[PDB]
Structures are given as C-alpha cells and as structure tokens.
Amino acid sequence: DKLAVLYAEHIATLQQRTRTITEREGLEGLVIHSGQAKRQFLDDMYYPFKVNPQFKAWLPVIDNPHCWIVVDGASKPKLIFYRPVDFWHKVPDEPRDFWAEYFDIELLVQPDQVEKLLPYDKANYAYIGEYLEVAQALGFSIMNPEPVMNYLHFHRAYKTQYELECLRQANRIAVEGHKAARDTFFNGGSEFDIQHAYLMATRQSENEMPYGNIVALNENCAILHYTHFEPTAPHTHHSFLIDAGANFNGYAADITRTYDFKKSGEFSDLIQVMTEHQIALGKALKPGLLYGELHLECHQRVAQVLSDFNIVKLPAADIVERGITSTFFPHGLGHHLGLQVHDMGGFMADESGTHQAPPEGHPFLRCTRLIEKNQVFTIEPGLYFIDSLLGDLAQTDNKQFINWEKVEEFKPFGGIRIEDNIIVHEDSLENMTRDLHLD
C-alpha cells in the first residue's frame, strides 16, 4: 500500500539512471545477475546465499539465485525468475507481490537453460555480477565496467522514497531486538543468551542479519570485531555493547548501544556524556558540509571527554593535536547506509568515481563525501580501552600524559559506542533510530 506506491518512482528513478549511463557508454542495456549458491568443498551442503547488491537494487528478491535483470532505461524491465519445480521444495507461487507487475517476467526452471532467454547479441550488453566465467560461457564480453559501476555506485547515495521507507522499516525491527537484548543483559544472561533474545525479537535468523551481530559483555566491549558469543555468563556483569541491525527488502539497519549494569558510577556517567556527544554529532549533519569535518569534530568531542574524566591529564585541544584520541577512538565516525551496510559511494566526489580526499591526519576515513539530501548516514562515536593500542601508546612518549590508574579502573567495562541511523532531508534530519523510542 504505502510502500507499494513509493516503488513506482523507485523504478522510474532507476530506469532513468540506467538510460543515462547505458546510452553514455554506448551500451544497449545491462544484464544484472542475482548470483549463485556456493557449494562447500567436496560436499553437497551450500553456503547461505547472498544476493548481488546491484540485483536487489531493483526489487526485494534477496533469497533467489539464477535470477537475471535486463534493463536499458527505455524498455520495460525484463526479469528472469528462478522458479524450479522439484518435489523436495515448496513449489512457490508465480510472483504476485507488489513489484511483480513492474517487470516482464519469464520463469526459469533450470539454471542452465538461461542461455536462451537472454539477448541473442551480447556484444553491447554489460554483465553486472560475480560469476565472470559463467558470463563468458553465455557470450558476454563486457563485465562490471568501471564507468557503469562508479556511476551506479554514486547515485546509490541518493535514496528513493521507496528505499527510505525500507530503511525506516529495517530500523523498526532492529530497535525491537535492541530492547530484548538490553532486557536480557539486566537479567544477567550470557552473550549467547542476548544474541538469541535479539534474533527472537527481530524474528530474523543469524543469516538474515545484514552483518554479524557484535554482542559483547565487560572487556569484550573493547574488542571492536568481537564475533564470539560466550555461552556462560560472566561471574559479574559490568558493561554490555551490542551492534546489530535487521533486514527489510534488502536494506540494512545498523544500531549500536552500550549499557552500564549499575546505572551509576564512572562508567554510567561516561556513557551519558558520550550520548550527549552522539546526539549532537547526529544533529550536526547538513547538506553542503563534508562528512570528514564531523569526524574531526568527533575527535574534538572525545578529547574533551578524555580531559574531563581525567583518563588523559591534558586540555582537550592538546589531546587532539598530540594524536592521542586515535588510541581511544580508532575508527571512522560512520558511513553511508542502504542496500549494503557500509554503503557504496561514500568516498566519491563525482559520478566518474573520483575520490573525495579525507582530512587532516585521518587518511583512512570511510565516508568523506559531500553530504546531500536523500543520503542516509550512521553516527558511531566511540571511546574504548583497547590493550594493544594502550600498549602501543605506553611505548610512545605520550605515556607520561596518560592516567593509567584511571585506565585500569575502566578496562573491566571495555568501551562505548552509540550508533544511530540518520536521514538527511533538505531542511531537516530524521533520526530513524531515536524516532522509535529507543533510549
């Protein structure tokens, strides 16, 4: 109904985008491959299927390989839809969903008989997909050409109204998970118990999550890419960090929340100050401003928190210029969000694919691109107590400046990250995460 309608402009929007770049590069159209299931070595099991982002761009079909889109930006889009008819599979209906009518559908019953339903002459058609050799075998010659990719990847930054609804919906699901996650941390459950409380509340499986959820207690908070889910709970609960999203129609939420168990004490106050910095950095988004500048203001804000709590025995500004903040805040402030979690385009200046330079002493910044309307961002300010980095700084001459007596008090809490998913409109911001009553 609501989403169904917003889709019509989605198509038109893409249809145009296709026309522009097809006709510009001398192509008669694109052929976009959802992809294939990957078989495990020597085995008859498969890896969980992951759809070509460039395919699901067009429609919410994320769970079906051997699917093909042919589009030129002029003719109605033709879709080749894998619907096999074996007795061991639930024979699903012919596509009668909202997106169906917007495509010329042909049913493919066996993955090898595609070679007939694709254009006879594939000399001016671009294959957009992973399986290069499977392409060649079919007749294709042009395969993922950089101008088409660079161009398509630039305009992915600009979401249609359909996309923006999808992302809103993804956050709604995620937020529900986060509440169930939070509640089981206060009951004293294990990492494993929490992860499965989240999945339970989202009503999504481990493999539907758009990224592997990070569910950390105590020290594990500090570990940024903490994958493991400890089945037994710790002897004592101090801190809980969860970074977990959800899927809707190919679009990802991405929400991080840190919690103190005692709701009081130095760590409790540390999160609340960081929250203040987060929300502020959340509102600082506006078109015209380069994303890199918010990243510089984040280091400024952390430096302040490090000064005020006497983790570092220096004024805010001296902490920044010395390069100390990077030990406690080693990662980007955030990134574009959408079909892919770390979404495409966030480094680009123009549709050619030209790189937008990163600032000051942060040459690895994820998202540096000029903020515009219809762009969706993450805001992930972090403050961590990581041993390997604290160890590296201990060797460095800055060692004298660090209050190690304070650091050691915090190590059992691990660290903090707070992440929201923000839409930038023309004269307003839509904090999708905070608009849904998640503290």
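Just count from 1 along the sequence shown to find any residue number.
- When the C-alpha B-factors of 201 to 209 and 225 to 233 are averaged, 225 to 233 comes out higher.
- Mean CA B-factor, 116 to 124 versus 282 to 290: the higher value falls on 116 to 124.
- Of the residues listed, 190, 220, 256, 110, the entry assigns the biggest Cα temperature factor to 110.
- As recorded in the entry, 391 carries the highest CA temperature factor of 60, 391, 53, 65.
- Residue 378: CA B factor in the lowest third of modelled residues in this chain (values from the PDB entry).
- The PDB entry assigns residue 401 a C-alpha temperature factor belonging to the highest third of its chain's modelled residues.
- Ranked against the other modelled residues of its chain, the C-alpha B-factor of residue 387 as given in the entry falls in the middle third.
- Residue 6 sits in the middle third of its chain by CA B factor, as recorded in the PDB entry.
- Sort the modelled residues of the chain by CA B factor and residue 421 lands in the lowest third.
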